[PDB]
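> Chains as they are written, first to last, in the numbering used here: chain A, 1 to 151; chain B, 152 to 302. Ideal placement from N, C-alpha and C gives every residue a C-beta, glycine not left out.
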């Protein structure tokens with residue numbers, strides 16, 4: 001079921017994986033973990049998302065599917081062709097792990113801490129029930145860190 | 152401290168990251184997460200590890216460092232130049248996420264399940280207090296899955 005307990009995100013780490021065909025990849029993942037297949041959905045349009053990539057607004061949307069595996073939430077991401085961290089990742093790297101996301105209680109102050117540590121937000125936006133911010137950690141950490149805030 | 156509670160692996164997901172300089176990367180990670188720096192160490196020599204890569208024995212060893220961040224254990228890996236999944240990854244891909252590992256109660260039966268699902272073990276070996284097995288999931292899952300068994 002993956003739904004034995006309701007996901008408590010504050011205590012879960014999410015790994016986002018960018019793929020080209022979400023139906024195919026999500027079937028592969030359901031088979032490997034022997035889990036009931038999750039349903040996928042389109043992220044919000046820009047009018048709700050307010051997506052900003054490298055300071056620029058983008059109409060970018062992506063198909064998403066989630067798997068809950070204990071302490072881990074695996075997120076599959078199939079982006080459209082508009083500009084985004086996901087599309088940029090896909091084109092240039094092919095399918096693979098795009099990010100590791102952590103839920104934080106206060107987005108603003110957390111982003112402050114990282115600014116003081118010399119970091120920067122590469123993409124941010126809203127989603128139903130919260131907001132997110134991708135940090136420019138790829139060169140130093142070898143992977144992109146994302147901050148999530150759930151209202 | 153990262154040591155507020157003792158890590159309960161069965162309830163933790165590990166993400167292994169292959170890097171070229173563990174001291175440098177581990178400092179970067181300690182700084183980003185505002186945590187006290189962890190100590191690194193060399194994995195066991197083949198006489199204890201019994202490392203087998205693509206069916207072949209290998210004297211491969213790597214420097215490892217761990218970070219405990221709630222539900223996540225981040226593992227940094229700096230492999231030597233001997234043959235291994237890590238060195239192969241590094242040479243061909245450069246630094247980045249090498250795997251996602253899950254602790255299982257019974258290695259043998261779990262590996263059985265995966266064999267029946269058409270999978271295969273690409274590297275296995277022992278470490279102090281347990282053993283591991285890397286599964287050939289890269290083409291279907293876009294990342295390598297590792298199984299861990301702690302005695």
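When you check each C-beta in the segment 210 to 228 of chain B against every C-beta of chain A, which residues fall closer than 7 Å?
221, 222 and 223
> So what does residue 193/B bridge to, in DSSP terms?
Within the DSSP secondary-structure output, residue 193/B pairs in a beta bridge with 214/B.
> Go ahead and pull the three-state DSSP assignment for residue 127/A.
strand
> Any contact between the segment 257 to 270 of chain B and the segment 191 to 206 of chain B? By contact I mean 3 or more CB pairs, one from each, below 8 Å.
Contact fails between the segment 257 to 270 of chain B and the segment 191 to 206 of chain B, because fewer than three Cβ pairs, one in each stretch, are under 8 Å apart.
> Hey, out of 194/B, 166/B and 218/B, whose CA is closest to residue 143/A's CA?
166/B
> Taking only beta-carbon atoms, is residue 263/B less than 7 Å away from chain A?
no
> With 7 Å as the C-beta to C-beta threshold (strictly closer), list the residues of the segment 85 to 111 of chain A near chain B in chain order.
95, 96, 97 and 100
> Could you name the residues of chain A that residue 182/B contacts, counting a contact when the two beta carbons are closer than 7 Å?
117
> For a quick check, are the C-beta atoms of residue 164/B and residue 147/A less than 7 Å apart?
The Cβ-Cβ distance between residue 164/B and residue 147/A does not fall below 7 Å.
> Report buried or exposed for residue 87/A, applying the criterion of at least 16 other Cβ atoms within 10 angstroms of its Cβ.
buried
> If we cut at 7 Å on Cβ distances, does residue 162/B have a partner in chain A?
yes
> What are the partner residues of residue 57/A, as DSSP defines its beta bridges?
52/A
> What is the DSSP secondary structure of residue 233/B, counted as helix, strand or coil?
coil
> Reducing DSSP to helix, strand and coil, say where residue 157/B ends up.
The DSSP-derived three-state label of residue 157/B is coil.
> Give me the DSSP bridge partner(s) of residue 150/A.
130/A
> Taking only three categories from DSSP, how would you classify residue 226/B?
strand
> Answer yes or no: do residue 213/B and residue 234/B have a C-beta to C-beta separation smaller than 7 Å?
no
> Using a 10 Å radius around the Cβ and a threshold of 16 neighbouring Cβ atoms, would you call residue 274/B buried or exposed?
Using a 10 angstroms sphere on the CB of residue 274/B, the tally of other CB atoms reaches 16 or more, which defines it as buried.
> Since I believe residue 130/A is in contact with residue 149/A (beta carbons under 8 Å), could you give me their beta-carbon distance rounded to a whole number of angstroms?
5 Å
> With a CB to CB cut of under 6 Å and the five nearest residues on each side skipped, what residues in its chain are close to residue 68/A?
2 and 7
> So residue 272/B contacts chain A; which residues on that side make the cut at Cβ distance below 7 Å?
Those do not exist, as residue 272/B stays about 14 Å from chain A at its closest Cβ, beyond 7 Å.
> Using a Cβ-Cβ cut-off of less than 8 Å, list which residues of the segment 274 to 296 of chain B approach chain A; keep chain order.
288, 291, 292, 293, 294 and 296
> Assuming residue 32/A contacts residue 288/B under a Cβ cut-off of 8 Å, what Cβ separation, rounded to an integer in Å, is found between them?
Yes, they are in contact, since the Cβ atoms of residue 32/A and residue 288/B sit about 7 Å apart, within 8 Å.
> Where does residue 184/B sit, in a helix, a strand or coil, going by DSSP?
coil
> Which residues mark the beginning and the end of the alpha helix (DSSP H) in which residue 111/A is found?
107 to 116
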